[PDB]
Amino acid sequence: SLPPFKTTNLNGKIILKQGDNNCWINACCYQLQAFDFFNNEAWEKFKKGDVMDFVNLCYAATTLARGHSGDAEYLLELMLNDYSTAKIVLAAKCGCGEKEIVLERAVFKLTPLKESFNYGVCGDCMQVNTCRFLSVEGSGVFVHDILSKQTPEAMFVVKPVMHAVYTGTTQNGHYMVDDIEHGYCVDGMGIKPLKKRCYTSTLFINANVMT
Ligand SMILES: [Zn+2]
């Protein structure tokens, strides 16, 4: 066994010292700490600084060993697969007409911008559905293709509370978290200014959007 990851408790969030390529864990765990509905025996200890049970649980779920890089968005999908804490309604246009798609979930694999986008194909006309957001309610997190340029606040369909941030190669990169609600970027146990770009997720709390 190696020794436990060291921690810091910063403005209500436990954060993990950078070591052994653990940043994907840190990024995911920092987001889970935003959801008061998320819980279990190993998480109750993590919230207090006693982090190795849950951290070990993250390696088990992903089949990865301590020391290997991973994917913070994949890990959020795993841990949140049995939660359903938000509702998103889309309008979907194809050659048959227009219809609504209802998604109830905690993690959504969608881009969180208020523009038009494709999602699925209609099995009666075989065209791709051209889609747009009609509403978002509750709490949850979008996991998404990297937004690598700044995004005007008015473009997000929801008000972001925080974003996983990923810089570098898909091979050789590094995770951090833009904590928008606090005003800084968390990078290991340290603090940096918001990167404002490079975002791989978008977390929202108590959404109540009509568009
Ligand atoms: Zn159709």
# chains A, B, ... in the order shown; residues from 1 in each chain; ligands from 1
call {"tool": "residues_near_ligand", "arguments": {"ligand": "ligand 1", "cutoff": "7 Å", "atoms": "only C-alpha atoms and all ligand atoms", "output": "VMD selection string"}}
result
chain A and resid 94 to 97 122 to 127
call {"tool": "residues_around", "arguments": {"residues": "segment 98-102 of chain A", "least_positions_apart": "2", "cutoff": "10 Å", "atoms": "only C-alpha atoms", "output": "PDB file with N, CA and C atoms, in the first residue's frame"}}
result
ATOM      1  N   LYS A  87     -33.934  17.316 -15.098  1.00  0.00           N
ATOM      2  CA  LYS A  87     -34.779  17.131 -16.295  1.00  0.00           C
ATOM      3  C   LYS A  87     -34.470  18.147 -17.413  1.00  0.00           C
ATOM      4  N   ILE A  88     -34.070  17.637 -18.574  1.00  0.00           N
ATOM      5  CA  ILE A  88     -33.875  18.476 -19.716  1.00  0.00           C
ATOM      6  C   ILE A  88     -34.885  18.105 -20.807  1.00  0.00           C
ATOM      7  N   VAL A  89     -35.571  19.103 -21.363  1.00  0.00           N
ATOM      8  CA  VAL A  89     -36.471  18.902 -22.519  1.00  0.00           C
ATOM      9  C   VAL A  89     -35.857  19.550 -23.745  1.00  0.00           C
ATOM     10  N   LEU A  90     -35.728  18.769 -24.809  1.00  0.00           N
ATOM     11  CA  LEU A  90     -35.300  19.258 -26.131  1.00  0.00           C
ATOM     12  C   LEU A  90     -36.486  19.228 -27.137  1.00  0.00           C
ATOM     13  N   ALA A  91     -36.451  20.153 -28.105  1.00  0.00           N
ATOM     14  CA  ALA A  91     -37.283  20.137 -29.316  1.00  0.00           C
ATOM     15  C   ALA A  91     -36.474  19.510 -30.440  1.00  0.00           C
ATOM     16  N   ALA A  92     -37.072  18.514 -31.103  1.00  0.00           N
ATOM     17  CA  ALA A  92     -36.394  17.766 -32.137  1.00  0.00           C
ATOM     18  C   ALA A  92     -37.163  17.770 -33.474  1.00  0.00           C
ATOM     19  N   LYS A  93     -36.520  18.368 -34.461  1.00  0.00           N
ATOM     20  CA  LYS A  93     -37.080  18.529 -35.783  1.00  0.00           C
ATOM     21  C   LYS A  93     -36.499  17.481 -36.692  1.00  0.00           C
ATOM     22  N   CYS A  94     -37.344  16.742 -37.425  1.00  0.00           N
ATOM     23  CA  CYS A  94     -36.892  15.913 -38.545  1.00  0.00           C
ATOM     24  C   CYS A  94     -37.861  16.006 -39.735  1.00  0.00           C
ATOM     25  N   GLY A  95     -37.892  15.011 -40.619  1.00  0.00           N
ATOM     26  CA  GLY A  95     -38.789  15.110 -41.762  1.00  0.00           C
ATOM     27  C   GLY A  95     -40.251  14.755 -41.411  1.00  0.00           C
ATOM     28  N   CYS A  96     -40.499  14.296 -40.184  1.00  0.00           N
ATOM     29  CA  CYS A  96     -41.858  13.932 -39.795  1.00  0.00           C
ATOM     30  C   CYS A  96     -42.574  15.125 -39.172  1.00  0.00           C
ATOM     31  N   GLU A 104     -34.202  12.597 -18.078  1.00  0.00           N
ATOM     32  CA  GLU A 104     -34.076  12.631 -16.619  1.00  0.00           C
ATOM     33  C   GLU A 104     -32.842  11.855 -16.144  1.00  0.00           C
ATOM     34  N   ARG A 105     -31.905  12.581 -15.521  1.00  0.00           N
ATOM     35  CA  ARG A 105     -30.552  12.132 -15.267  1.00  0.00           C
ATOM     36  C   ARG A 105     -29.819  13.129 -14.324  1.00  0.00           C
ATOM     37  N   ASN A 129     -32.034  14.352 -36.060  1.00  0.00           N
ATOM     38  CA  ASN A 129     -32.858  15.349 -35.372  1.00  0.00           C
ATOM     39  C   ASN A 129     -32.038  16.624 -35.163  1.00  0.00           C
ATOM     40  N   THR A 130     -32.566  17.773 -35.594  1.00  0.00           N
ATOM     41  CA  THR A 130     -31.975  19.096 -35.345  1.00  0.00           C
ATOM     42  C   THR A 130     -32.666  19.568 -34.075  1.00  0.00           C
ATOM     43  N   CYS A 131     -31.883  19.878 -33.046  1.00  0.00           N
ATOM     44  CA  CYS A 131     -32.405  19.977 -31.698  1.00  0.00           C
ATOM     45  C   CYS A 131     -32.078  21.298 -31.093  1.00  0.00           C
ATOM     46  N   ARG A 132     -32.849  21.685 -30.085  1.00  0.00           N
ATOM     47  CA  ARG A 132     -32.534  22.842 -29.308  1.00  0.00           C
ATOM     48  C   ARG A 132     -33.124  22.647 -27.925  1.00  0.00           C
ATOM     49  N   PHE A 133     -32.602  23.389 -26.942  1.00  0.00           N
ATOM     50  CA  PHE A 133     -33.036  23.246 -25.552  1.00  0.00           C
ATOM     51  C   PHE A 133     -34.338  23.979 -25.361  1.00  0.00           C
ATOM     52  N   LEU A 134     -35.308  23.361 -24.671  1.00  0.00           N
ATOM     53  CA  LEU A 134     -36.513  24.058 -24.247  1.00  0.00           C
ATOM     54  C   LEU A 134     -36.503  24.315 -22.746  1.00  0.00           C
ATOM     55  N   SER A 135     -35.955  23.404 -21.939  1.00  0.00           N
ATOM     56  CA  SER A 135     -35.885  23.676 -20.491  1.00  0.00           C
ATOM     57  C   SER A 135     -34.845  22.815 -19.791  1.00  0.00           C
TER      58      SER A 135
END
call {"tool": "residues_around", "arguments": {"residues": "residue 79 of chain A", "least_positions_apart": "2", "cutoff": "12 Å", "atoms": "only C-alpha atoms", "output": "list in words"}}
result
residues 25, 28, 29, 31, 32, 38, 39, 40, 43, 54, 55, 57, 58, 59, 60, 61, 62, 72, 73, 74, 75, 76, 77, 81, 82, 83, 84, 106 and 107 of chain A
call {"tool": "write_last_selection", "arguments": {"atoms": "N, CA, C and O atoms", "output": "mmCIF file, in the first residue's frame"}}
result
data_model
loop_
_atom_site.group_PDB
_atom_site.id
_atom_site.type_symbol
_atom_site.label_atom_id
_atom_site.label_comp_id
_atom_site.auth_asym_id
_atom_site.auth_seq_id
_atom_site.Cartn_x
_atom_site.Cartn_y
_atom_site.Cartn_z
ATOM 1 N N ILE A 25 -9.028 12.259 -10.617
ATOM 2 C CA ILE A 25 -9.806 11.992 -9.423
ATOM 3 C C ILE A 25 -10.229 13.251 -8.723
ATOM 4 O O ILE A 25 -11.426 13.413 -8.337
ATOM 5 N N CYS A 28 -12.987 15.212 -10.485
ATOM 6 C CA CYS A 28 -14.289 14.592 -10.392
ATOM 7 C C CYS A 28 -14.801 14.758 -8.971
ATOM 8 O O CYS A 28 -15.968 15.162 -8.704
ATOM 9 N N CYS A 29 -13.922 14.476 -8.013
ATOM 10 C CA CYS A 29 -14.362 14.585 -6.609
ATOM 11 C C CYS A 29 -14.749 16.014 -6.218
ATOM 12 O O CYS A 29 -15.702 16.237 -5.379
ATOM 13 N N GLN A 31 -16.119 18.287 -8.245
ATOM 14 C CA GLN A 31 -17.542 18.386 -8.680
ATOM 15 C C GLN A 31 -18.560 17.607 -7.812
ATOM 16 O O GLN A 31 -19.622 18.170 -7.469
ATOM 17 N N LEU A 32 -18.264 16.341 -7.438
ATOM 18 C CA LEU A 32 -19.258 15.594 -6.620
ATOM 19 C C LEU A 32 -19.555 16.358 -5.325
ATOM 20 O O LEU A 32 -20.648 16.281 -4.757
ATOM 21 N N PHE A 38 -25.482 13.507 -3.166
ATOM 22 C CA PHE A 38 -24.643 12.340 -3.475
ATOM 23 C C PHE A 38 -24.077 11.756 -2.185
ATOM 24 O O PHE A 38 -23.507 12.462 -1.372
ATOM 25 N N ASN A 39 -24.197 10.456 -1.974
ATOM 26 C CA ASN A 39 -23.726 9.901 -0.700
ATOM 27 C C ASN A 39 -23.541 8.405 -0.660
ATOM 28 O O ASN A 39 -24.133 7.698 -1.425
ATOM 29 N N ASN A 40 -22.664 7.955 0.233
ATOM 30 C CA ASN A 40 -22.416 6.560 0.504
ATOM 31 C C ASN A 40 -21.313 6.476 1.542
ATOM 32 O O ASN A 40 -20.743 7.516 1.913
ATOM 33 N N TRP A 43 -17.928 7.940 0.669
ATOM 34 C CA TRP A 43 -18.020 9.344 0.360
ATOM 35 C C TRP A 43 -18.165 10.147 1.650
ATOM 36 O O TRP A 43 -17.653 11.286 1.746
ATOM 37 N N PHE A 54 -12.826 6.128 -0.957
ATOM 38 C CA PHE A 54 -13.529 6.574 -2.134
ATOM 39 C C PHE A 54 -12.547 6.642 -3.276
ATOM 40 O O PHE A 54 -12.825 6.262 -4.418
ATOM 41 N N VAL A 55 -11.373 7.164 -2.991
ATOM 42 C CA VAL A 55 -10.369 7.207 -4.044
ATOM 43 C C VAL A 55 -10.109 5.825 -4.589
ATOM 44 O O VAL A 55 -9.980 5.641 -5.813
ATOM 45 N N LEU A 57 -12.174 3.336 -4.531
ATOM 46 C CA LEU A 57 -13.415 2.986 -5.230
ATOM 47 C C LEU A 57 -13.358 3.464 -6.681
ATOM 48 O O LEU A 57 -13.828 2.731 -7.556
ATOM 49 N N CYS A 58 -12.772 4.666 -6.931
ATOM 50 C CA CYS A 58 -12.606 5.267 -8.284
ATOM 51 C C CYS A 58 -11.685 4.494 -9.169
ATOM 52 O O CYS A 58 -11.927 4.344 -10.357
ATOM 53 N N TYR A 59 -10.605 4.004 -8.608
ATOM 54 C CA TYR A 59 -9.754 3.080 -9.354
ATOM 55 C C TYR A 59 -10.454 1.749 -9.717
ATOM 56 O O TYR A 59 -10.304 1.256 -10.860
ATOM 57 N N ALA A 60 -11.174 1.170 -8.751
ATOM 58 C CA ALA A 60 -11.926 -0.078 -8.957
ATOM 59 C C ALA A 60 -12.947 0.103 -10.106
ATOM 60 O O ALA A 60 -12.956 -0.673 -11.034
ATOM 61 N N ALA A 61 -13.771 1.140 -10.036
ATOM 62 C CA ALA A 61 -14.807 1.359 -11.018
ATOM 63 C C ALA A 61 -14.291 1.456 -12.471
ATOM 64 O O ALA A 61 -14.980 1.080 -13.446
ATOM 65 N N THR A 62 -13.117 2.027 -12.619
ATOM 66 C CA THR A 62 -12.575 2.358 -13.932
ATOM 67 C C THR A 62 -11.596 1.281 -14.293
ATOM 68 O O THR A 62 -11.108 1.232 -15.443
ATOM 69 N N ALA A 72 -11.898 12.190 -16.216
ATOM 70 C CA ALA A 72 -12.741 12.648 -15.126
ATOM 71 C C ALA A 72 -14.215 12.620 -15.515
ATOM 72 O O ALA A 72 -15.106 12.592 -14.625
ATOM 73 N N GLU A 73 -14.477 12.708 -16.823
ATOM 74 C CA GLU A 73 -15.880 12.751 -17.289
ATOM 75 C C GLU A 73 -16.502 11.303 -17.249
ATOM 76 O O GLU A 73 -17.612 11.119 -16.775
ATOM 77 N N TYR A 74 -15.734 10.315 -17.700
ATOM 78 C CA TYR A 74 -16.070 8.910 -17.576
ATOM 79 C C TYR A 74 -16.337 8.531 -16.117
ATOM 80 O O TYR A 74 -17.331 7.842 -15.806
ATOM 81 N N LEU A 75 -15.529 9.077 -15.209
ATOM 82 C CA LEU A 75 -15.664 8.707 -13.803
ATOM 83 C C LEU A 75 -16.949 9.280 -13.205
ATOM 84 O O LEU A 75 -17.662 8.581 -12.440
ATOM 85 N N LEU A 76 -17.286 10.520 -13.583
ATOM 86 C CA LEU A 76 -18.579 11.097 -13.168
ATOM 87 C C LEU A 76 -19.772 10.285 -13.686
ATOM 88 O O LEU A 76 -20.788 10.188 -12.992
ATOM 89 N N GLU A 77 -19.694 9.783 -14.921
ATOM 90 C CA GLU A 77 -20.788 8.948 -15.457
ATOM 91 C C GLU A 77 -20.933 7.668 -14.646
ATOM 92 O O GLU A 77 -22.009 7.368 -14.206
ATOM 93 N N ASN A 81 -24.393 7.145 -12.296
ATOM 94 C CA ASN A 81 -25.244 6.370 -13.191
ATOM 95 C C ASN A 81 -26.608 6.057 -12.564
ATOM 96 O O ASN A 81 -27.608 6.048 -13.262
ATOM 97 N N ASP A 82 -26.664 5.877 -11.236
ATOM 98 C CA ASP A 82 -27.928 5.621 -10.570
ATOM 99 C C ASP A 82 -28.598 6.834 -9.968
ATOM 100 O O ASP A 82 -29.494 6.689 -9.158
ATOM 101 N N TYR A 83 -28.213 8.043 -10.359
ATOM 102 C CA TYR A 83 -28.902 9.232 -9.821
ATOM 103 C C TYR A 83 -29.656 9.894 -10.903
ATOM 104 O O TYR A 83 -29.218 9.904 -12.064
ATOM 105 N N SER A 84 -30.763 10.511 -10.543
ATOM 106 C CA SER A 84 -31.541 11.194 -11.545
ATOM 107 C C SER A 84 -32.072 12.453 -10.907
ATOM 108 O O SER A 84 -33.032 12.397 -10.139
ATOM 109 N N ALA A 106 -28.606 12.752 -13.904
ATOM 110 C CA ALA A 106 -27.706 13.637 -13.179
ATOM 111 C C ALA A 106 -26.562 14.011 -14.085
ATOM 112 O O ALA A 106 -26.171 15.150 -14.047
ATOM 113 N N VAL A 107 -26.045 13.093 -14.910
ATOM 114 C CA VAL A 107 -25.047 13.434 -15.945
ATOM 115 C C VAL A 107 -25.640 13.460 -17.369
ATOM 116 O O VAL A 107 -26.327 12.526 -17.731
#
call {"tool": "closest_atom_pairs", "arguments": {"of": "segment 52-89 of chain A", "to": "segment 174-179 of chain A", "cutoff": "10 Å", "atoms": "only C-alpha atoms", "output": "tab-separated table"}}
result
residue	atom	partner	partner_atom	distance
A:69	CA	A:174	CA	8.8
A:70	CA	A:175	CA	9.8
A:71	CA	A:175	CA	9.0
A:72	CA	A:175	CA	8.0
call {"tool": "write_last_selection", "arguments": {"atoms": "C-alpha atoms", "output": "PDB file, in the first residue's frame"}}
result
ATOM      1  CA  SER A  69      -4.141   8.817 -15.845  1.00  0.00           C
ATOM      2  CA  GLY A  70      -7.871   8.614 -16.345  1.00  0.00           C
ATOM      3  CA  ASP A  71     -10.838  10.518 -17.569  1.00  0.00           C
ATOM      4  CA  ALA A  72     -12.741  12.648 -15.126  1.00  0.00           C
TER       5      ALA A  72
END
call {"tool": "select_by_dssp", "arguments": {"residues": "segment 3-172 of chain A", "states": "strand (DSSP E or B)", "output": "PyMOL selection string"}}
result
chain A and resi 7-10+13-16+86-93+98-105+107-108+113+117-121+128-147+156+162-167
call {"tool": "write_last_selection", "arguments": {"atoms": "C-alpha atoms", "output": "JSON list (two decimals), in the first residue's frame"}}
result
[["chain", "number", "residue", "atom", "x", "y", "z"],
["A", 7, "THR", "CA", -5.39, 16.92, 1.43],
["A", 8, "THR", "CA", -6.36, 20.56, 2.06],
["A", 9, "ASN", "CA", -9.72, 21.80, 3.15],
["A", 10, "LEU", "CA", -10.33, 25.05, 1.14],
["A", 13, "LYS", "CA", -13.99, 21.60, -0.36],
["A", 14, "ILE", "CA", -11.50, 18.81, 0.23],
["A", 15, "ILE", "CA", -8.80, 18.88, -2.49],
["A", 16, "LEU", "CA", -5.99, 16.45, -3.16],
["A", 86, "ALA", "CA", -32.33, 16.86, -13.34],
["A", 87, "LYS", "CA", -34.78, 17.13, -16.30],
["A", 88, "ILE", "CA", -33.88, 18.48, -19.72],
["A", 89, "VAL", "CA", -36.47, 18.90, -22.52],
["A", 90, "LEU", "CA", -35.30, 19.26, -26.13],
["A", 91, "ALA", "CA", -37.28, 20.14, -29.32],
["A", 92, "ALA", "CA", -36.39, 17.77, -32.14],
["A", 93, "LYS", "CA", -37.08, 18.53, -35.78],
["A", 98, "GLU", "CA", -41.27, 18.40, -34.42],
["A", 99, "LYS", "CA", -41.38, 16.52, -31.15],
["A", 100, "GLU", "CA", -40.02, 16.70, -27.57],
["A", 101, "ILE", "CA", -37.36, 14.49, -26.00],
["A", 102, "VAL", "CA", -37.36, 14.22, -22.22],
["A", 103, "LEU", "CA", -34.10, 13.39, -20.38],
["A", 104, "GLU", "CA", -34.08, 12.63, -16.62],
["A", 105, "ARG", "CA", -30.55, 12.13, -15.27],
["A", 107, "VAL", "CA", -25.05, 13.43, -15.94],
["A", 108, "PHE", "CA", -25.88, 14.55, -19.56],
["A", 113, "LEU", "CA", -24.71, 26.01, -25.41],
["A", 117, "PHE", "CA", -27.29, 20.82, -32.62],
["A", 118, "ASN", "CA", -27.80, 17.26, -33.77],
["A", 119, "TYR", "CA", -28.85, 14.46, -31.54],
["A", 120, "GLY", "CA", -30.00, 11.03, -32.77],
["A", 121, "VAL", "CA", -31.82, 10.04, -35.94],
["A", 128, "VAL", "CA", -30.80, 13.41, -37.94],
["A", 129, "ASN", "CA", -32.86, 15.35, -35.37],
["A", 130, "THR", "CA", -31.97, 19.10, -35.35],
["A", 131, "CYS", "CA", -32.40, 19.98, -31.70],
["A", 132, "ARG", "CA", -32.53, 22.84, -29.31],
["A", 133, "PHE", "CA", -33.04, 23.25, -25.55],
["A", 134, "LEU", "CA", -36.51, 24.06, -24.25],
["A", 135, "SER", "CA", -35.88, 23.68, -20.49],
["A", 136, "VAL", "CA", -33.42, 22.54, -17.79],
["A", 137, "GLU", "CA", -34.45, 21.99, -14.15],
["A", 138, "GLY", "CA", -32.71, 20.75, -11.00],
["A", 139, "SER", "CA", -29.06, 19.85, -10.57],
["A", 140, "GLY", "CA", -26.60, 17.85, -12.58],
["A", 141, "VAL", "CA", -23.63, 18.16, -14.85],
["A", 142, "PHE", "CA", -23.08, 18.26, -18.67],
["A", 143, "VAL", "CA", -20.03, 16.29, -19.80],
["A", 144, "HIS", "CA", -19.03, 17.43, -23.31],
["A", 145, "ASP", "CA", -16.49, 17.95, -26.09],
["A", 146, "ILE", "CA", -13.86, 20.45, -24.94],
["A", 147, "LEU", "CA", -14.94, 24.08, -25.32],
["A", 156, "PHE", "CA", -24.55, 28.68, -21.69],
["A", 162, "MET", "CA", -17.94, 25.10, -12.17],
["A", 163, "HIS", "CA", -16.12, 23.34, -15.07],
["A", 164, "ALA", "CA", -13.62, 20.56, -15.30],
["A", 165, "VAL", "CA", -10.68, 22.02, -17.25],
["A", 166, "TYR", "CA", -8.29, 19.95, -19.31],
["A", 167, "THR", "CA", -5.05, 21.24, -20.84]]
call {"tool": "residues_around", "arguments": {"residues": "residue 161 of chain A", "least_positions_apart": "6", "cutoff": "9 Å", "atoms": "only C-alpha atoms", "output": "PDB file with N, CA and C atoms, in the first residue's frame"}}
result
ATOM      1  N   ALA A  34     -20.096  19.340  -4.952  1.00  0.00           N
ATOM      2  CA  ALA A  34     -21.153  20.328  -5.178  1.00  0.00           C
ATOM      3  C   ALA A  34     -22.558  19.747  -5.026  1.00  0.00           C
ATOM      4  N   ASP A 178     -12.215  25.056 -12.846  1.00  0.00           N
ATOM      5  CA  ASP A 178     -12.638  26.388 -12.718  1.00  0.00           C
ATOM      6  C   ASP A 178     -13.845  26.510 -11.814  1.00  0.00           C
ATOM      7  N   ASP A 179     -13.639  26.925 -10.587  1.00  0.00           N
ATOM      8  CA  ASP A 179     -14.745  27.101  -9.662  1.00  0.00           C
ATOM      9  C   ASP A 179     -15.337  28.513  -9.806  1.00  0.00           C
ATOM     10  N   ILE A 180     -16.387  28.634 -10.613  1.00  0.00           N
ATOM     11  CA  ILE A 180     -16.867  29.954 -11.025  1.00  0.00           C
ATOM     12  C   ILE A 180     -17.529  30.622  -9.851  1.00  0.00           C
ATOM     13  N   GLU A 181     -18.197  29.850  -9.039  1.00  0.00           N
ATOM     14  CA  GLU A 181     -18.933  30.433  -7.958  1.00  0.00           C
ATOM     15  C   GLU A 181     -18.019  31.013  -6.867  1.00  0.00           C
ATOM     16  N   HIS A 182     -16.790  30.496  -6.742  1.00  0.00           N
ATOM     17  CA  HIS A 182     -15.825  30.991  -5.764  1.00  0.00           C
ATOM     18  C   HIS A 182     -14.887  32.055  -6.417  1.00  0.00           C
ATOM     19  N   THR A 202     -19.744  20.996 -17.340  1.00  0.00           N
ATOM     20  CA  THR A 202     -20.412  22.171 -16.932  1.00  0.00           C
ATOM     21  C   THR A 202     -21.454  21.783 -15.898  1.00  0.00           C
ATOM     22  N   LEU A 203     -21.233  22.171 -14.648  1.00  0.00           N
ATOM     23  CA  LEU A 203     -22.043  21.751 -13.509  1.00  0.00           C
ATOM     24  C   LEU A 203     -23.010  22.830 -13.156  1.00  0.00           C
ATOM     25  N   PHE A 204     -24.245  22.451 -12.876  1.00  0.00           N
ATOM     26  CA  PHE A 204     -25.269  23.456 -12.584  1.00  0.00           C
ATOM     27  C   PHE A 204     -26.030  23.003 -11.344  1.00  0.00           C
ATOM     28  N   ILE A 205     -26.523  23.961 -10.561  1.00  0.00           N
ATOM     29  CA  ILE A 205     -27.212  23.700  -9.275  1.00  0.00           C
ATOM     30  C   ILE A 205     -28.538  24.422  -9.219  1.00  0.00           C
TER      31      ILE A 205
END
call {"tool": "residues_around", "arguments": {"residues": "residue 197 of chain A", "least_positions_apart": "3", "cutoff": "7 Å", "atoms": "only C-alpha atoms", "output": "VMD selection string"}}
result
chain A and resid 147 to 150
call {"tool": "closest_residue", "arguments": {"among": "A:195, A:200, A:4, A:65", "to": "residue 110 of chain A", "atoms": "only C-alpha atoms"}}
result
A:200
call {"tool": "select_by_dssp", "arguments": {"residues": "segment 79-178 of chain A", "states": "helix (DSSP H, G or I)", "output": "number ranges by chain"}}
result
A: 79-80, 153-155
